[PDB]
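J.: Please find upload13.pdb (PDB, C-alpha atoms) on the next line:
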ATOM      1  CA  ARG L   1    -152.322 -55.482 -56.065  1.00  0.00           C
ATOM      2  CA  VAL L   2    -150.928 -56.431 -59.545  1.00  0.00           C
ATOM      3  CA  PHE L   3    -151.139 -54.674 -62.875  1.00  0.00           C
ATOM      4  CA  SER L   4    -150.398 -56.925 -65.821  1.00  0.00           C
ATOM      5  CA  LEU L   5    -152.025 -57.611 -69.127  1.00  0.00           C
ATOM      6  CA  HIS L   6    -152.781 -60.908 -70.852  1.00  0.00           C
ATOM      7  CA  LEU L   7    -151.935 -60.670 -74.651  1.00  0.00           C
ATOM      8  CA  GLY L   8    -154.269 -62.221 -77.256  1.00  0.00           C
ATOM      9  CA  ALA L   9    -151.346 -63.850 -79.040  1.00  0.00           C
ATOM     10  CA  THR L  10    -147.811 -65.163 -78.344  1.00  0.00           C
ATOM     11  CA  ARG L  11    -146.252 -63.338 -81.341  1.00  0.00           C
ATOM     12  CA  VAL L  12    -147.234 -60.954 -84.135  1.00  0.00           C
ATOM     13  CA  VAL L  13    -146.366 -61.361 -87.815  1.00  0.00           C
ATOM     14  CA  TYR L  14    -146.138 -57.958 -89.437  1.00  0.00           C
ATOM     15  CA  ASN L  15    -146.433 -57.335 -93.222  1.00  0.00           C
ATOM     16  CA  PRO L  16    -144.286 -54.332 -94.136  1.00  0.00           C
ATOM     17  CA  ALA L  17    -146.059 -53.878 -97.555  1.00  0.00           C
ATOM     18  CA  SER L  18    -149.249 -53.542 -95.463  1.00  0.00           C
ATOM     19  CA  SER L  19    -150.692 -50.951 -93.090  1.00  0.00           C
ATOM     20  CA  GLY L  20    -150.364 -52.429 -89.658  1.00  0.00           C
ATOM     21  CA  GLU L  21    -151.258 -55.382 -87.394  1.00  0.00           C
ATOM     22  CA  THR L  22    -153.584 -55.660 -84.456  1.00  0.00           C
ATOM     23  CA  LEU L  23    -153.005 -57.095 -81.026  1.00  0.00           C
ATOM     24  CA  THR L  24    -155.592 -57.803 -78.341  1.00  0.00           C
ATOM     25  CA  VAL L  25    -154.851 -56.922 -74.687  1.00  0.00           C
ATOM     26  CA  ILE L  26    -157.022 -58.255 -71.938  1.00  0.00           C
ATOM     27  CA  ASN L  27    -157.292 -57.095 -68.387  1.00  0.00           C
ATOM     28  CA  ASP L  28    -158.955 -59.960 -66.440  1.00  0.00           C
ATOM     29  CA  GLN L  29    -158.737 -58.620 -62.905  1.00  0.00           C
ATOM     30  CA  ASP L  30    -161.576 -56.720 -61.217  1.00  0.00           C
ATOM     31  CA  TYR L  31    -159.891 -53.308 -61.105  1.00  0.00           C
ATOM     32  CA  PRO L  32    -159.046 -50.800 -63.887  1.00  0.00           C
ATOM     33  CA  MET L  33    -155.515 -50.285 -65.125  1.00  0.00           C
ATOM     34  CA  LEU L  34    -153.509 -48.262 -67.538  1.00  0.00           C
ATOM     35  CA  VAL L  35    -151.931 -50.068 -70.490  1.00  0.00           C
ATOM     36  CA  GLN L  36    -148.710 -48.689 -71.910  1.00  0.00           C
ATOM     37  CA  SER L  37    -147.214 -50.098 -75.050  1.00  0.00           C
ATOM     38  CA  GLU L  38    -144.031 -49.768 -76.995  1.00  0.00           C
ATOM     39  CA  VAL L  39    -142.022 -51.439 -79.740  1.00  0.00           C
ATOM     40  CA  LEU L  40    -138.307 -52.161 -79.151  1.00  0.00           C
ATOM     41  CA  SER L  41    -135.135 -53.322 -80.989  1.00  0.00           C
ATOM     42  CA  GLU L  42    -134.129 -56.925 -81.301  1.00  0.00           C
ATOM     43  CA  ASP L  43    -132.040 -56.140 -78.148  1.00  0.00           C
ATOM     44  CA  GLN L  44    -135.021 -54.762 -76.132  1.00  0.00           C
ATOM     45  CA  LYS L  45    -132.799 -51.661 -75.493  1.00  0.00           C
ATOM     46  CA  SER L  46    -133.508 -49.034 -78.213  1.00  0.00           C
ATOM     47  CA  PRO L  47    -136.997 -47.942 -79.623  1.00  0.00           C
ATOM     48  CA  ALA L  48    -138.206 -49.428 -82.907  1.00  0.00           C
ATOM     49  CA  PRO L  49    -139.612 -47.338 -85.774  1.00  0.00           C
ATOM     50  CA  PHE L  50    -143.191 -48.405 -84.947  1.00  0.00           C
ATOM     51  CA  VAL L  51    -145.913 -46.922 -82.769  1.00  0.00           C
ATOM     52  CA  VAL L  52    -148.862 -48.384 -80.854  1.00  0.00           C
ATOM     53  CA  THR L  53    -152.333 -46.720 -81.100  1.00  0.00           C
ATOM     54  CA  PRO L  54    -153.238 -46.031 -78.435  1.00  0.00           C
ATOM     55  CA  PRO L  55    -149.874 -45.863 -76.561  1.00  0.00           C
ATOM     56  CA  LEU L  56    -151.450 -45.248 -73.100  1.00  0.00           C
ATOM     57  CA  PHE L  57    -155.122 -45.874 -71.975  1.00  0.00           C
ATOM     58  CA  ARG L  58    -157.502 -47.030 -69.234  1.00  0.00           C
ATOM     59  CA  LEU L  59    -158.991 -50.498 -69.556  1.00  0.00           C
ATOM     60  CA  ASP L  60    -161.808 -51.422 -67.147  1.00  0.00           C
ATOM     61  CA  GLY L  61    -161.521 -54.732 -65.269  1.00  0.00           C
ATOM     62  CA  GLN L  62    -163.013 -57.824 -66.975  1.00  0.00           C
ATOM     63  CA  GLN L  63    -162.357 -56.148 -70.341  1.00  0.00           C
ATOM     64  CA  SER L  64    -160.438 -56.364 -73.713  1.00  0.00           C
ATOM     65  CA  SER L  65    -159.197 -53.935 -76.307  1.00  0.00           C
ATOM     66  CA  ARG L  66    -157.413 -54.239 -79.541  1.00  0.00           C
ATOM     67  CA  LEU L  67    -154.258 -52.231 -80.226  1.00  0.00           C
ATOM     68  CA  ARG L  68    -152.889 -51.150 -83.590  1.00  0.00           C
ATOM     69  CA  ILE L  69    -149.173 -51.579 -84.314  1.00  0.00           C
ATOM     70  CA  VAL L  70    -147.875 -49.455 -87.204  1.00  0.00           C
ATOM     71  CA  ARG L  71    -144.414 -49.337 -88.705  1.00  0.00           C
ATOM     72  CA  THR L  72    -143.133 -45.805 -88.987  1.00  0.00           C
ATOM     73  CA  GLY L  73    -139.787 -45.908 -90.705  1.00  0.00           C
ATOM     74  CA  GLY L  74    -136.697 -48.123 -90.481  1.00  0.00           C
ATOM     75  CA  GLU L  75    -134.978 -50.266 -93.105  1.00  0.00           C
ATOM     76  CA  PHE L  76    -135.912 -53.970 -93.341  1.00  0.00           C
ATOM     77  CA  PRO L  77    -134.468 -56.701 -95.558  1.00  0.00           C
ATOM     78  CA  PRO L  78    -136.808 -57.659 -98.349  1.00  0.00           C
ATOM     79  CA  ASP L  79    -135.607 -61.283 -98.297  1.00  0.00           C
ATOM     80  CA  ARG L  80    -135.761 -62.286 -94.560  1.00  0.00           C
ATOM     81  CA  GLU L  81    -137.527 -61.847 -91.245  1.00  0.00           C
ATOM     82  CA  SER L  82    -136.445 -59.162 -88.850  1.00  0.00           C
ATOM     83  CA  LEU L  83    -137.297 -59.496 -85.125  1.00  0.00           C
ATOM     84  CA  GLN L  84    -138.680 -56.858 -82.855  1.00  0.00           C
ATOM     85  CA  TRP L  85    -140.471 -56.673 -79.529  1.00  0.00           C
ATOM     86  CA  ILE L  86    -143.966 -55.351 -78.520  1.00  0.00           C
ATOM     87  CA  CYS L  87    -144.177 -54.696 -74.731  1.00  0.00           C
ATOM     88  CA  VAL L  88    -147.287 -54.104 -72.729  1.00  0.00           C
ATOM     89  CA  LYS L  89    -147.001 -52.643 -69.249  1.00  0.00           C
ATOM     90  CA  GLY L  90    -149.874 -52.528 -66.789  1.00  0.00           C
ATOM     91  CA  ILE L  91    -149.536 -49.206 -64.879  1.00  0.00           C
ATOM     92  CA  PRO L  92    -151.884 -48.112 -61.978  1.00  0.00           C
ATOM     93  CA  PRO L  93    -154.526 -45.322 -62.674  1.00  0.00           C
ATOM     94  CA  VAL L  94    -147.761 -44.033 -41.401  1.00  0.00           C
ATOM     95  CA  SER L  95    -149.049 -45.841 -44.624  1.00  0.00           C
ATOM     96  CA  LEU L  96    -147.634 -48.322 -46.995  1.00  0.00           C
ATOM     97  CA  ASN L  97    -149.003 -48.875 -50.384  1.00  0.00           C
ATOM     98  CA  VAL L  98    -147.608 -51.396 -52.811  1.00  0.00           C
ATOM     99  CA  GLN L  99    -147.968 -52.273 -56.447  1.00  0.00           C
ATOM    100  CA  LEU L 100    -146.768 -54.985 -58.777  1.00  0.00           C
ATOM    101  CA  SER L 101    -146.404 -53.617 -62.297  1.00  0.00           C
ATOM    102  CA  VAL L 102    -145.615 -56.085 -65.109  1.00  0.00           C
ATOM    103  CA  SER L 103    -144.290 -55.770 -68.634  1.00  0.00           C
ATOM    104  CA  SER L 104    -145.168 -58.737 -70.909  1.00  0.00           C
ATOM    105  CA  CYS L 105    -143.046 -58.826 -74.100  1.00  0.00           C
ATOM    106  CA  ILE L 106    -143.879 -60.610 -77.355  1.00  0.00           C
ATOM    107  CA  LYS L 107    -142.115 -61.083 -80.615  1.00  0.00           C
ATOM    108  CA  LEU L 108    -142.861 -59.104 -83.694  1.00  0.00           C
ATOM    109  CA  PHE L 109    -141.601 -60.637 -86.936  1.00  0.00           C
ATOM    110  CA  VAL L 110    -141.427 -58.314 -89.919  1.00  0.00           C
ATOM    111  CA  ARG L 111    -142.065 -60.776 -92.773  1.00  0.00           C
ATOM    112  CA  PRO L 112    -141.572 -59.151 -96.221  1.00  0.00           C
ATOM    113  CA  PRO L 113    -144.090 -60.419 -98.849  1.00  0.00           C
ATOM    114  CA  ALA L 114    -141.155 -62.155-100.766  1.00  0.00           C
ATOM    115  CA  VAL L 115    -140.676 -64.610 -97.884  1.00  0.00           C
ATOM    116  CA  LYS L 116    -143.240 -67.350 -98.329  1.00  0.00           C
ATOM    117  CA  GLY L 117    -145.314 -69.900 -96.374  1.00  0.00           C
ATOM    118  CA  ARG L 118    -144.758 -70.554 -92.667  1.00  0.00           C
ATOM    119  CA  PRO L 119    -141.529 -71.080 -90.641  1.00  0.00           C
ATOM    120  CA  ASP L 120    -142.586 -74.673 -89.860  1.00  0.00           C
ATOM    121  CA  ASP L 121    -143.046 -75.363 -93.570  1.00  0.00           C
ATOM    122  CA  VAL L 122    -139.305 -75.214 -93.849  1.00  0.00           C
ATOM    123  CA  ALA L 123    -137.943 -75.564 -90.274  1.00  0.00           C
ATOM    124  CA  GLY L 124    -136.920 -79.175 -90.986  1.00  0.00           C
ATOM    125  CA  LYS L 125    -134.184 -77.835 -93.284  1.00  0.00           C
ATOM    126  CA  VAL L 126    -132.028 -76.726 -90.323  1.00  0.00           C
ATOM    127  CA  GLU L 127    -128.669 -78.444 -90.068  1.00  0.00           C
ATOM    128  CA  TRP L 128    -126.901 -79.479 -86.933  1.00  0.00           C
ATOM    129  CA  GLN L 129    -123.215 -80.071 -86.836  1.00  0.00           C
ATOM    130  CA  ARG L 130    -120.549 -80.474 -84.220  1.00  0.00           C
ATOM    131  CA  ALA L 131    -118.350 -77.400 -83.607  1.00  0.00           C
ATOM    132  CA  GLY L 132    -115.431 -78.597 -81.469  1.00  0.00           C
ATOM    133  CA  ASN L 133    -117.257 -79.670 -78.249  1.00  0.00           C
ATOM    134  CA  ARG L 134    -120.433 -77.762 -78.963  1.00  0.00           C
ATOM    135  CA  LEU L 135    -123.634 -77.990 -81.095  1.00  0.00           C
ATOM    136  CA  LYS L 136    -124.247 -75.674 -84.050  1.00  0.00           C
ATOM    137  CA  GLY L 137    -127.671 -75.106 -85.645  1.00  0.00           C
ATOM    138  CA  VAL L 138    -127.274 -73.661 -89.165  1.00  0.00           C
ATOM    139  CA  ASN L 139    -130.400 -72.174 -90.681  1.00  0.00           C
ATOM    140  CA  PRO L 140    -130.657 -71.973 -94.468  1.00  0.00           C
ATOM    141  CA  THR L 141    -134.007 -70.277 -94.268  1.00  0.00           C
ATOM    142  CA  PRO L 142    -135.352 -66.727 -94.047  1.00  0.00           C
ATOM    143  CA  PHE L 143    -137.299 -67.363 -90.857  1.00  0.00           C
ATOM    144  CA  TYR L 144    -136.238 -67.241 -87.231  1.00  0.00           C
ATOM    145  CA  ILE L 145    -136.295 -70.741 -85.831  1.00  0.00           C
ATOM    146  CA  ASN L 146    -137.860 -70.473 -82.408  1.00  0.00           C
ATOM    147  CA  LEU L 147    -137.050 -73.757 -80.847  1.00  0.00           C
ATOM    148  CA  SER L 148    -139.727 -75.184 -78.679  1.00  0.00           C
ATOM    149  CA  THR L 149    -137.750 -78.519 -78.213  1.00  0.00           C
ATOM    150  CA  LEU L 150    -134.173 -79.663 -78.916  1.00  0.00           C
ATOM    151  CA  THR L 151    -132.482 -82.959 -78.079  1.00  0.00           C
ATOM    152  CA  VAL L 152    -129.466 -85.013 -79.302  1.00  0.00           C
ATOM    153  CA  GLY L 153    -129.643 -88.781 -78.765  1.00  0.00           C
ATOM    154  CA  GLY L 154    -132.746 -88.203 -76.645  1.00  0.00           C
ATOM    155  CA  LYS L 155    -130.891 -85.920 -74.223  1.00  0.00           C
ATOM    156  CA  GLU L 156    -132.065 -82.372 -73.757  1.00  0.00           C
ATOM    157  CA  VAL L 157    -129.983 -79.317 -74.854  1.00  0.00           C
ATOM    158  CA  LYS L 158    -129.653 -76.312 -72.428  1.00  0.00           C
ATOM    159  CA  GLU L 159    -129.344 -72.670 -73.656  1.00  0.00           C
ATOM    160  CA  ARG L 160    -132.011 -73.284 -76.388  1.00  0.00           C
ATOM    161  CA  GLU L 161    -131.959 -69.792 -78.049  1.00  0.00           C
ATOM    162  CA  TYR L 162    -133.643 -69.021 -81.434  1.00  0.00           C
ATOM    163  CA  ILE L 163    -131.774 -69.052 -84.749  1.00  0.00           C
ATOM    164  CA  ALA L 164    -131.753 -65.870 -86.851  1.00  0.00           C
ATOM    165  CA  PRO L 165    -132.641 -66.114 -90.602  1.00  0.00           C
ATOM    166  CA  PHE L 166    -129.719 -67.266 -92.777  1.00  0.00           C
ATOM    167  CA  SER L 167    -127.554 -67.567 -89.698  1.00  0.00           C
ATOM    168  CA  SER L 168    -126.345 -69.933 -86.986  1.00  0.00           C
ATOM    169  CA  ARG L 169    -126.441 -70.318 -83.223  1.00  0.00           C
ATOM    170  CA  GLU L 170    -124.418 -72.466 -80.850  1.00  0.00           C
ATOM    171  CA  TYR L 171    -125.397 -74.716 -77.971  1.00  0.00           C
ATOM    172  CA  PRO L 172    -123.827 -76.541 -75.085  1.00  0.00           C
ATOM    173  CA  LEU L 173    -123.678 -80.218 -75.975  1.00  0.00           C
ATOM    174  CA  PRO L 174    -124.635 -82.414 -73.015  1.00  0.00           C
ATOM    175  CA  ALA L 175    -121.577 -84.777 -72.616  1.00  0.00           C
ATOM    176  CA  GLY L 176    -122.301 -87.849 -74.872  1.00  0.00           C
ATOM    177  CA  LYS L 177    -130.004 -88.002 -84.023  1.00  0.00           C
ATOM    178  CA  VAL L 178    -130.902 -84.349 -83.451  1.00  0.00           C
ATOM    179  CA  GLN L 179    -134.592 -83.790 -82.797  1.00  0.00           C
ATOM    180  CA  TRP L 180    -136.487 -80.516 -82.604  1.00  0.00           C
ATOM    181  CA  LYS L 181    -139.778 -78.659 -82.858  1.00  0.00           C
ATOM    182  CA  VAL L 182    -140.654 -74.950 -83.292  1.00  0.00           C
ATOM    183  CA  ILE L 183    -143.324 -72.619 -82.029  1.00  0.00           C
ATOM    184  CA  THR L 184    -145.654 -71.980 -85.015  1.00  0.00           C
ATOM    185  CA  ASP L 185    -147.161 -68.629 -86.019  1.00  0.00           C
ATOM    186  CA  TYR L 186    -150.232 -69.648 -83.996  1.00  0.00           C
ATOM    187  CA  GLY L 187    -148.189 -70.224 -80.847  1.00  0.00           C
ATOM    188  CA  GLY L 188    -148.738 -73.987 -81.123  1.00  0.00           C
ATOM    189  CA  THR L 189    -145.911 -76.528 -81.590  1.00  0.00           C
ATOM    190  CA  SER L 190    -144.706 -77.933 -84.919  1.00  0.00           C
ATOM    191  CA  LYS L 191    -144.383 -81.450 -86.131  1.00  0.00           C
ATOM    192  CA  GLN L 192    -141.159 -83.135 -85.049  1.00  0.00           C
ATOM    193  CA  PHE L 193    -138.064 -82.650 -87.204  1.00  0.00           C
ATOM    194  CA  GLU L 194    -135.021 -84.986 -87.058  1.00  0.00           C
ATOM    195  CA  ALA L 195    -131.570 -85.307 -88.766  1.00  0.00           C
ATOM    196  CA  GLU L 196    -128.151 -86.863 -88.051  1.00  0.00           C
ATOM    197  CA  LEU L 197    -124.984 -85.448 -86.254  1.00  0.00           C
TER     198      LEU L 197
END
Please, can you express the file's structure as structure tokens?

T.:
Amino acid sequence: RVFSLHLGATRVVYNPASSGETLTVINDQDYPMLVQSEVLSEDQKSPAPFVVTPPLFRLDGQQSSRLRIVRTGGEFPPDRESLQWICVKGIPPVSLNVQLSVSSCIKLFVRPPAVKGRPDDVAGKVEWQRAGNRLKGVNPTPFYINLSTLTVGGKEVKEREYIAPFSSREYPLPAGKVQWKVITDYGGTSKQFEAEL
């Protein structure tokens, strides 16, 4: 018997000049479960200054509900995205009973109103350069670059981690044209981008 939620989206984009965002959880098993929800640090370790309403509730089988995520405090740059995590845990309402209890996490991007358009509007601006034997992605933009695809000379790059706003990330270069695509705000995939080096 397994208690996990399906989420209605693959990420949330949160306006900090606004009053909150919603997220849909669906239970599509036959049995009831208890949904618990929290918001965490970029690291997934500490708590974030947000709250979910409701934090803990019963959701009948074959059913959905919409949660409210509300920022509570915290300092956030007015000029770039800041990443957080919303986590949704399905908890249950000589013998051996057994339960599988899952915690689905998605990304929350705090996107100040000064930061404009969509990440994929400007994801093509990302520069790749060799750094000794490795690959460096340098991101001149204010959006996380959440790589859905990355290759050099057609060959695929392992350790494909996202790039923070105005920052860089490194990658193992398979031995021997950089191409890439990002996950969009809708959870679809972007047009292909391409550059040299």

J.: On this structure, the PyMOL selection byres ((chain L and resi 81) around 8) would catch which residues? List them as a PDB file with C-alpha atoms, in the coordinates of the input, sorted by chain and number.

T.:
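Contents of the output file part_26.pdb:
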ATOM      1  CA  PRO L  77    -134.468 -56.701 -95.558  1.00  0.00           C
ATOM      2  CA  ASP L  79    -135.607 -61.283 -98.297  1.00  0.00           C
ATOM      3  CA  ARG L  80    -135.761 -62.286 -94.560  1.00  0.00           C
ATOM      4  CA  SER L  82    -136.445 -59.162 -88.850  1.00  0.00           C
ATOM      5  CA  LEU L  83    -137.297 -59.496 -85.125  1.00  0.00           C
ATOM      6  CA  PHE L 109    -141.601 -60.637 -86.936  1.00  0.00           C
ATOM      7  CA  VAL L 110    -141.427 -58.314 -89.919  1.00  0.00           C
ATOM      8  CA  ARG L 111    -142.065 -60.776 -92.773  1.00  0.00           C
ATOM      9  CA  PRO L 112    -141.572 -59.151 -96.221  1.00  0.00           C
ATOM     10  CA  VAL L 115    -140.676 -64.610 -97.884  1.00  0.00           C
ATOM     11  CA  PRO L 142    -135.352 -66.727 -94.047  1.00  0.00           C
ATOM     12  CA  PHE L 143    -137.299 -67.363 -90.857  1.00  0.00           C
ATOM     13  CA  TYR L 144    -136.238 -67.241 -87.231  1.00  0.00           C
ATOM     14  CA  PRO L 165    -132.641 -66.114 -90.602  1.00  0.00           C
TER      15      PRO L 165
END

J.: Would you list the residues near (-141.8, -73.1, -91.9) (no more than 12 Å away, in the coordinates of the file, using all atoms listed in the file) as a PyMOL selection string?

T.: chain L and resi 115-126+139-146+165+181-185+189-191+193

J.: Take CA of residue 61 (chain L) and CA of residue 11 (chain L) and report the distance between them in Å, one decimal.

T.: 23.8 Å

J.: CA of residue 31 (chain L) to CA of residue 62 (chain L): how many Å, to one decimal?

T.: 8.0 Å

J.: Set the distance at 10 Å and use all atoms listed in the file: which residues neighbour residue 51 (chain L) once local chain neighbours fewer than 6 positions away are removed? I'd like the list as number ranges by chain.

T.: L: 20, 37-40, 68-72, 86

J.: Would you pick out the contacts of residue 67 (chain L) at 7 Å or less, using only C-alpha atoms, so that residues sharing its chain but fewer than 4 positions from it are not included, and give the list as a list in words?

T.: residues 22, 23, 24, 52, 53 and 54 of chain L

J.: Got a sec: who's within 9 Å of residue 6 (chain L), counting only C-alpha atoms, leaving out chain neighbours fewer than 6 positions off, as a list in words?

T.: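 Using only C-alpha atoms, the neighbours found are residues 24, 25, 26, 27, 28, 88 and 104 of chain L.
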
J.: For residue 150 (chain L), please output as a count of residues only all residues within 6 Å (counting all atoms listed in the file; exclusion window: fewer than 2 positions along the same chain).

T.: 3

J.: Write out as a list in words the residues lying within 10 Å of residue 35 (chain L), counting all atoms listed in the file and excluding same-chain residues fewer than 5 positions away.

T.: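 Near residue 35 (chain L), the qualifying residues are residues 3, 4, 5, 25, 26, 27, 54, 55, 56, 57, 58, 59, 87, 88, 89, 90, 91, 92, 93 and 103 of chain L.
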
J.: Do you have the CA of residue 75 (chain L)-CA of residue 8 (chain L) distance handy?

T.: 27.7 Å
